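The structure appears right after this line, and notes come after that.
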Amino acid sequence: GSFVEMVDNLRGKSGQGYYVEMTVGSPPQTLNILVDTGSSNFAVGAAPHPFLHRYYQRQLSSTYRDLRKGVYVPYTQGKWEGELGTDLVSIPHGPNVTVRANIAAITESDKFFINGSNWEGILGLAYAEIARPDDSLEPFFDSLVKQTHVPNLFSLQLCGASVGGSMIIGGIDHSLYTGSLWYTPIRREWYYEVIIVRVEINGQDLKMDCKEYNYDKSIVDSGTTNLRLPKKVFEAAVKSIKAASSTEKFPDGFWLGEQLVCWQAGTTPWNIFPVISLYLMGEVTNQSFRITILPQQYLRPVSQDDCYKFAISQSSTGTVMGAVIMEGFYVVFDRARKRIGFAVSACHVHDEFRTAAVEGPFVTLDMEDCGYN
Ligand SMILES: O=C([C@@H]1CNC[C@]12CCCc1ccccc12)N1CC[C@@H](c2ccccc2)C[C@H]1c1ccccc1
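According to the deposited numbering, the residues represented by the sequence shown are 445 to 448, 1 to 157, 169 to 309, 315 to 385, in order.
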């Protein structure tokens, strides 16, 4: 394929995020940068920090322009602060272009950088609406599309377990997937917001009002590890997953992520755990499709023992389809056509009895009733 040089341009550690090399300034300064479809700022470590091997040195970059305004990104659960500027940015294993992008130079942070993650910054790939300090700060990808002829599309193949993957910028690599691509509309351009219309555990409908699946939003977020579900959905899903996997018993805290369970090397009974199906709104009236994930996806590896964390968790800010979901699939962020495509990944981690799937079409009525207003 023509996109060959962008294949396998992602690295990472399990549960710690996928990152791509980005080259900033003049002369060149290359950093490892977290690929995050759940935020909208391009920001880099710019001062020494215990968890950073390298950082951005603005004084050494002749093309760096100070924007003379501070920037702060808040969280649950930590934060970072820095200075706004612009500089020249290229992706050596991405598109053959160089753009002047907004860059936040991180000078202080709390619980942002992860010990041993090997990334030194973050690439916010979502829309300007959620950018800090506000929506006037053009996100990187917006700059890329405005300044170059790179098509308004990227795609992600995240390969789970030391992890790897591909970010194809400007197109779709057909070697990265099998079968067909199925598209769900981007409801609104802020986060990558989608609509979930039905949930099944081992083919059994969870039978909740579909509004609950998308309260108060459902997003596709490459920077979040887990499948995160609204409290009511989480509880019903856990109750159903428990009942489906009853050939073995697990402590209550396992389902809450407070306890881990370990198996002797290569003896994890994947077969005892159910498959989970998320149905997404399709592109045609009353039409949906489903993506199916294996226990290999939602049980994350954390001696001769393999330890696993239950990687479905509770959320009070909507559903978050994180890496747990994305790792089964080749995921197309077709910004040009306001839609997200899903196909079975060529690097899909499966066993000999079951496989991750993207299947359709299905008939689902009143799907418009499922969205939060
Ligand atoms: O939710 C996120 C991202 C979205 N995907 C992964 C995320 C979610 C899970 C946590 C996390 C951790 C590291 C990197 C990414 C992410 N944010 C970016 C960084 C985050 C932050 C975290 C810790 C300290 C300071 C800032 C603030 C937030 C944010 C997003 C959008 C607007 C404002 C803030």
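Built from N, CA and C at the ideal position, the CB exists for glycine as well.
First and last residue of the uninterrupted beta strand (DSSP E) at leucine 140: It is not in any beta strand (DSSP E) - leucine 140 instead sits in the alpha helix (DSSP H) that spans 136-143.
Boundaries of the alpha helix (DSSP H) in which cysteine 217 is found, first to last residue: 217-220
Contact test: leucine 30 Cβ vs ligand 1 heavy atom, cutoff 7 Å: yes
Buried or exposed (CB count within 10 angstroms, at least 16 for buried), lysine 350: exposed
In DSSP terms, what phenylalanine 322 is bridged to: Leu306
At least 3 beta-carbon pairs within less than 8 Å: the segment 190-206 vs the segment 272-290: yes
Candidates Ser10, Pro44, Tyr52: closest to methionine 18 by CA position: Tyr52
Rounded distance between the beta-carbons of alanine 101 and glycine 120, thought under 8 Å: Not really, about 15 Å apart at Cβ, beyond 8 Å.
6 Å Cβ shell around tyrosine 286 - same chain, five flanking residues per side excluded: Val204, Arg205, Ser295, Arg297
N- and C-terminal bounds of the alpha helix (DSSP H) containing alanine 244: 238-251
Spatial distance of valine 141 from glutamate 1 (CA atoms): 20 Å
Close Cβ partners of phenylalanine 47 (< 6 Å) along its chain, the five nearest in sequence each way excluded: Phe109, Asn111
Cβ-Cβ distance between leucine 301 and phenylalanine 322 below 8 Å: no
At least three beta-carbon pairs within less than 8 Å, the segment 359-370 to the segment 207-226: no
Boundaries (first-last residue) of the beta strand (DSSP E) holding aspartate 228: Per DSSP, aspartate 228 belongs to no beta strand (DSSP E) and is neither H nor E.
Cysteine 155 (DSSP reduced to helix, strand or coil): strand
Cβ-heavy atom distance, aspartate 228 to ligand 1, below 7 Å: yes
Segment contact flag, the segment 141-152 with the segment 87-95, C-beta cutoff 8 Å, min 3 pairs: yes
The alpha helix (DSSP H) enclosing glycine 260, as first and last residue numbers: 259-262
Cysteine 269 - DSSP class collapsed to helix/strand/coil: strand
Whole-angstrom distance between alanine 358 and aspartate 138, CA atom to CA atom: 29 Å
Three-state secondary structure assigned by DSSP to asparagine 293: coil
Nearest-angstrom Cβ-Cβ length linking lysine 224 and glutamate 207, presumed shorter than 8 Å: Not confirmed; about 21 Å, so no contact.
Any 3 or more C-beta pairs closer than 8 Å across the segment 122-129 and the segment 31-50: yes
Boundaries of the alpha helix (DSSP H) in which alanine 335 is found, first to last residue: 335-338
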